[PDB]
Every structure is written in C-alpha cells, then in structure tokens.
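> Protein chains in written order, with the numbering used here: chain R, 1 to 238; chain S, 1001 to 1111; chain L, 2001 to 2033; chain Y, 3001 to 3119; chain G, 4001 to 4050; chain A, 5001 to 5140.
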Amino acid sequence: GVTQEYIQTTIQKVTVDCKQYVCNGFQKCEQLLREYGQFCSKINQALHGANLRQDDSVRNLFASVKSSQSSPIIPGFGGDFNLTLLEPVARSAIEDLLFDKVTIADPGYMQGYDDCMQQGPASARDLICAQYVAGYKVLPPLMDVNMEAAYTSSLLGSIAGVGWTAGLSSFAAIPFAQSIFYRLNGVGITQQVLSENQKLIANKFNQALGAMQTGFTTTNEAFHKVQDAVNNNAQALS
Amino acid sequence: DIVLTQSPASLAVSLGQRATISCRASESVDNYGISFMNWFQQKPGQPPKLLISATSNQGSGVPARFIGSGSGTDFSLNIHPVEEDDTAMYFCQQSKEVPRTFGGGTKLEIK
Amino acid sequence: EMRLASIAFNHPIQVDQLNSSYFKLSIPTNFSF
Amino acid sequence: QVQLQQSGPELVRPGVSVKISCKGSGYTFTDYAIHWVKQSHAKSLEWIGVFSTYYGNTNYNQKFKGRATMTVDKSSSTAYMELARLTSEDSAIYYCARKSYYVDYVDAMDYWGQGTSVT
Amino acid sequence: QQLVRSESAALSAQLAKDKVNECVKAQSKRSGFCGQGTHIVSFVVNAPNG
Amino acid sequence: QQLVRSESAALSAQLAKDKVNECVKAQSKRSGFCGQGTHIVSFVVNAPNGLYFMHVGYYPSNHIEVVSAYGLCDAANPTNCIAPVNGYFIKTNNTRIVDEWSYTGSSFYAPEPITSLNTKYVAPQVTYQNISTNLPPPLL
C-alpha cells in the first residue's frame, strides 16, 4: 500500500518597487518620500536577502539529488511492475496530474506583460497582470523545470540499487525486480516464499500503485497541503 | 571442453595471395559476449606465438594483415597479403574454460 | 561584455542494465581525501 | 626484453619422475602465473597446468592431476614442474608461458619459453 | 511576514534533503520516517514549490 | 526581534549537539550528515558564537565497469551456495589469480582470491553461477 507526503522547499520569490507602491510619479509625494527614503532601502535589502536564501536552499538540495552514476531508463522498465511514473519521453504523467489538479493561476514570464495589455482576452483575471500596476516583481525559479525533470530521472536511475553494502561507491546496475526481492529478504520474508510468489507480489504491488489515480482528491492530506502552499502565496499578493 | 576443428588441413598459396582459415567449435565459446578466441602461429625451430585475439586484429602479436572474424561457434582468420615468412602452423585457442584446450591446427606454405 | 550562457547539467555516468544471471558493475580505481 | 629460460633437455628413464624448470627474466616474476604446455608431436600440443607465482594456487589438466605437481622459488625468480612415473609416450617438447590480458577477461599465453625436451 | 516564511521553508527544505538521503537512497530500519509499513522503496516527484 | 533570534539559536544548538553525538563521536553509515564522501572521522573547533565542523571525506575516482555475479555455487551439489561479504564476485582480470573469479572490496577496485574469510553460505538461487571445477569455499 502507499502513503504520500508533501514537503515544501521554497517560498515564491518576489520583490517590491518601493517607490511605486507608495506613489506613482507625482512630484509632491516624491519630495515627501525622500524624508522616508531610507525605509525603502531597508525594505529592498531585506527582500533581496530573503531571495538569496531561497536560492541557496535550491542548490544545496540539488547537490544531494545528483548521483555520480545512474542506469539509463527505457520503456518497459521494471518488468512486470507497471511503473506509471516513467516519463513520456518529459516530466511524468503523475506530475502532470498534480499540476492539473492544482488550481494555480496561469504562469508568468512569457508572454507576461502583453497578457496584461489589450492584446489578449478581456476575461484574463491574473494577479500577474496586476503585478505591473502594483510594481511587484515575481522572480523566476532558479531550478528550471527541464533540469528538474532530469534530476528526478537521475534519482530513478539510482534504483537497483541501494543494497549490496552501503551503495556509496559501487553501482549494482541490476533489474528492479531483483532489488525488490532483496528488500523483501531484508525484512525477514524467506527467500523460498519470495520465489514461489513472484507474480503474486507483482500483482499486489501494482494494485497499490494503481490507487494513485484516486489519490488526487481533497481527502488526501498531502494533496491538500500542496494546494494550500499555492494558496498561501496567492494570499500574500492579494 | 569445447572441441575445435579447423580447415583446410593445409593450404598452399602464391606470393601476395589472400588466404583464410575456417575454425569451428562444437559449442559456442561466448560467455557474456567475451568470445575468448585467440589465434597462434608456429614455425619449426621456435615456440608457438600469439597473433591476435577476437577483439584485437592488430597488435597482441602481429600487424593488421591478420584479421580474425566471427562469433558463436564460427571463427576465421583472413590474411590478404600472404608472404613466404607467413609459412607456418596456425592454431585456434579456447580461453573460455579449463582445460583450455586448443585445435590441432593447419599448415600454410607458399607454393 | 558579459556572456549569456546555459546552465550546465552534469550527466551521471551511464551504466547499462543487463539481462540474465550476471551484471555490469561500476567500481572506482582511484580516490582522494 | 621479457624472456623465459627453460632448463636443458634430459633422457630420463621410464618409471622415474622428471623435473623441468624456467627462470623468468626482464619482469617482476611474482606478478604472473606460469602456464605449462606439452608438445607430444610436432602437429599436436596440449595444456598441462597453471601455477600462480604469487599465491601458489594451481589448476591442472585432469589427466595429470595424479601425475604432476609444481613449485616456485621466488628468490631465484624460477618455477618448476615435476611429473611422476615417466613413460615413453610422454616424450615431448615442453614449454613454459606467461599469463596476460591483451583483452579484458581473456587469458593470453603471451611470452613463450624456447622449448626443452624429455625422452 | 516574508522573512518568517522564508525561514520555515529553509527548515522544511532541510527535512526533504534528509529524506532524499535516507528514505529514498536506502532501505531503512528506523520505522518513524517513511510510510508506516516497515520500509521498502520510496519515490519522489516534483511538486510546485516542493 | 531578539526573542525570535534566540529561539532559532536554540534550535541550531540542538543540531550541533546531535552532530557531536553522531558525526564526531562515531563513524556513520547514514550518508546525509557529515561531508558527502561516505563518512570517515570529522573534527570540530570553536568559532565565534558557535561550532565549526570539518569533515574528512572519501571521494571515488576513475570508475571502470566490470563483469559480476550475484553469487557462486557448486554445480555438483546445489545446496553448496555462497555470496560475498562486504564486497563482490567479479570475473578475474588479474594475472596472479588462476581462479576465474575474484573477490573485491566494495570501496575500491581490488581483486583477490575467494576465501572463507570474505564469503558466507547462503540459500541457493537460480542466478548463482554453477561452478563445475575449482571452488575453495567449500572445497567440496
């Protein structure tokens, strides 16, 4: 059977134009603002430092994600195991289901500013267009989604596996099913049972995996947490 | 062990003529695709010597003139420039398993 | 002038999976402290 | 400049053991295994056995497992073979050879001794 | 408000790193971490912001 | 502001304590913690307002690929089956070993003869090689 967890790792990075938030080019307030101009300098510096910390954490995480070596990954990987997680060579179907279930507003950067502008539908309701009124800037993520997908495949390539001593130098490069049997023998299941039930094990395993298609529901707490992380960022801007 | 045979039992050729040797195994010698086939040569008054190996058709004894070929149960040796100093006995060698036996060989001489 | 550049992505050394009773194994031949 | 120096030929009587040796030269002797081969006829040769010079481990042709043994003298950089109960059918040209790997995982006979004989 | 959120995210990111180097990179005997059914291989995928 | 910082320092101090009781006081098998090179001894020194850790680590290099087997068995007796301890069984590429197979350490390429010290008896499995001649562990 399965359980799931969501660990947030970042805050969306934003910056604030501290002149335009307060006033918008009127000369009288600019002169008045000069008395308080040092507050903005404090604000901008604090926000900048906050954004630097977010990018530090990304690099530090990725340093452990990377492996010196990995298996190539092809269709039909895992033998009798179904493995829906494999990329559509890509990200993965499961990741795309998550992105589709998430209610988040349409993405920034391209086409950006011209999606604020009259050269688009009158039905746009993005806070991203309001970003160019308020002087907000949303910084792009450092990670780059294509590189990110490559990192998750690199982790899949370290599978088969972790066993056969610490696994911190050598890479076993064995079939996935074999690494599963090793883990099952590692929990006190006899080897004789494992040999007699091999198809049965694959069937029960695939049923547990198949349940992931119903896993994107509001009663799934990990799923709910993903949705609320999105909501929290939107709330700060609103 | 795997039995090896070779043909023609002897060959005579004109100078500079192409020549080949066929060598058959009773069972394949590939283990994990490694092949283990070595070819040797001998002349009277001297010890036999290595010529080539199944993944090395130059070096390991002699120049690229002696090209090994084949896989599984079939192997061959091809020399496009046979010369008078190539007159010799030749032997297929199996390194795949102990006893590490080898073929009875063939003889090549210039007419 | 500053130069636009792609961020490099280091690829892991690939090791082919093999069928049957034996397999390819990666092992280091040197090390450093 | 690698060489193997085979011991001189001898007319050993039947029913008596015979010992043969080769001294290595031009390389460190302890890093290799010695292969022994018998040339029963000018048209035929057969493997006799192998001896590690570092660990002393051996393998033999099954026909000689009760007929012969091998020893080493690493201080002299030499190796020996001896065979019990000689008979006229064992007259042969005998050759030492050195293990090598010109190809990964493939034993090669590499350097050969000049040949010695027993009758 | 942003400074507080940034710090909590950094701590959460450290936890994820720990799980990648434990729950994912190896079978674990610890119970606790990972789903509650002993431990057998676990997987991770990209999610927005985490 | 001070109260917030004090609390974060207290948490950070707990982390340091854990590292002293893990990364310093013992070699660790966990990966993760300590410098990323497996783990070998680490040291700590005083720093202003804190501790400064230094971690010695091991970095692998010059990787090569080799042939290896899940285990070995006696072809004459299927209940005689072995598998390596803290290492692997590989086809030999070394001129000093007459045996077709050799034991290696898992951290470094170092082939050696297979002996009872480096192996253990295991239940038989279909992927183990069937050895029909010379295996010293068991001799028979």
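Even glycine gets a Cβ: it sits at the ideal position worked out from N, Cα and C.
Residues in its own chain within less than 6 Å of R/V2 by CB, not counting five upstream and five downstream?
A208
> Shortest alpha-carbon distance to S/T1055 belongs to which of Y/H3041, Y/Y3105, Y/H3035 and Y/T3078?
Y/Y3105
> Give me the chain S residues within the contact set of Y/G3115, using Cβ-Cβ distance strictly less than 7 Å, ordered along the chain.
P1047
> Can you tell me which residues form a DSSP beta bridge with Y/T3071?
Y/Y3080
> Any contact of the stretch 3109–3118 of chain Y with the stretch 3075–3095 of chain Y, i.e. 3+ C-beta pairs under 8 Å?
yes
> So for R/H48, helix, strand or coil by DSSP?
Annotated three-state conformation of R/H48 is helix, per DSSP.
> Considering only their Cβ atoms, is the gap separating R/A149 from R/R59 smaller than 8 Å?
no
> In the DSSP assignment, what residue or residues form a beta bridge with Y/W3047?
Y/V3037, per the DSSP bridge assignment.
> With DSSP collapsed to three states, give me the class of Y/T3030.
helix
> Write down the C-beta distance between S/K1111 and S/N1031 rounded to the nearest angstrom, noting that I regard them as a contact closer than 8 Å.
Actually they do not touch by this definition, with Cβ atoms about 40 Å apart.
> Does chain R have any CB closer than 8 Å to the CB of A/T5038?
Contact with chain R is found for A/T5038, since one of that chain's Cβ atoms lies less than 8 Å from the residue's Cβ.
> Out of curiosity, what's the CA-to-CA distance linking R/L156 and G/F4043?
8 Å
> Can you tell me whether A/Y5109 is helix, strand or coil according to DSSP?
coil
> Can you pull the chain A neighbours of R/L168, defined as C-beta to C-beta under 7 Å?
Below the 7 Å Cβ cutoff, chain A contributes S5031 and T5038 as neighbours of R/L168, in chain order.
> Using a threshold of 8 Å, state whether the C-beta atoms of S/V1082 and S/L1050 are closer than that.
no
> Listed in chain order, which residues of the stretch 5069–5081 of chain A have Cβ atoms closer than 7 Å to some Cβ of chain L?
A5069 and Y5070
> Could you check if A/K5091 is buried or exposed, using at least 16 other CB atoms within 10 Å of its CB as the buried criterion?
buried
> Answer with buried or exposed for Y/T3028, where buried requires no fewer than 16 other C-beta atoms within 10 angstroms of its C-beta.
Burial call: exposed.
> Which ranges does the beta strand (DSSP E) cover as unbroken runs of at least 3 residues, wholly within the stretch 131–216 of chain R, from first to last along the chain?
136–138
> Taking C-beta to C-beta, are residue 240 of chain R and R/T15 nearer than 8 Å?
Since the first and last residues shown for chain R are 1 and 238, residue 240 of chain R lies out of range.
> Whose Cβ in chain S lies nearer than 7 Å to the Cβ of Y/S3044?
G1104
> Output, in chain order, the set of chain L residues within a Cβ distance shorter than 8 Å of R/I174.
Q2017 and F2023
> Between R/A160 and R/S68, is the Cβ-Cβ spacing less than 8 Å?
no
> Can you give me the Cβ contacts of Y/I3034 inside the same chain, cut-off strictly under 6 Å, excluding the 5 residues immediately before and after it?
Once the five neighbours on either side are set aside, the close Cβ partners of Y/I3034 are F3051, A3079 and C3096.
> Check the DSSP bridge columns for A/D5074 and list the partner residues they point to.
In the DSSP output, where bridge partners are listed per residue, A/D5074 has A/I5131.
> Please report whether the beta-carbon of A/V5067 lies at a distance below 8 Å from any beta-carbon of chain S.
yes
> Are the stretch 4021–4035 of chain G and the stretch 14–32 of chain R touching by the rule of at least three beta carbon pairs closer than 8 Å?
no
> The alpha helix (DSSP H) that contains R/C29, what's its start and end?
Segment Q27 to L33, the alpha helix (DSSP H) holding R/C29.
> Assuming A/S5102 and L/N2030 are in contact, meaning their beta carbons sit under 8 Å apart, how far apart are those beta carbons, in whole angstroms?
Not a contact, Cβ separation roughly 19 Å.
> What is the DSSP secondary structure of R/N233, counted as helix, strand or coil?
helix
> Can you name, in chain order, every residue of its own chain whose Cβ lies under 7 Å from the Cβ of Y/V3016, other than the five neighbours on each side?
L3086
> From which residue to which residue does the beta strand (DSSP E) around L/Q2017 run?
Where L/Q2017 is concerned, there is no enclosing beta strand (DSSP E), given that its DSSP letter is neither H nor E.
> Return the chain-ordered ranges of every beta strand (DSSP E) run that is complete within the stretch 1024–1094 of chain S and spans a minimum of 3 residues.
1037–1042, 1049–1053, 1066–1069, 1074–1079 and 1088–1094
> For my contact list, Y/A3108 and S/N1038 are in at a C-beta cut-off of 8 Å; report their separation, rounded to the angstrom.
6 Å
> Okay, do the stretch 5075–5087 of chain A and the stretch 5049–5061 of chain A touch, 3+ Cβ pairs below 8 Å being the bar?
no
> Looking only at its own chain, which residues have a Cβ that is under 8 Å from the Cβ of A/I5040, when we skip the five neighbours before and after it?
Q5027, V5056, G5057 and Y5058
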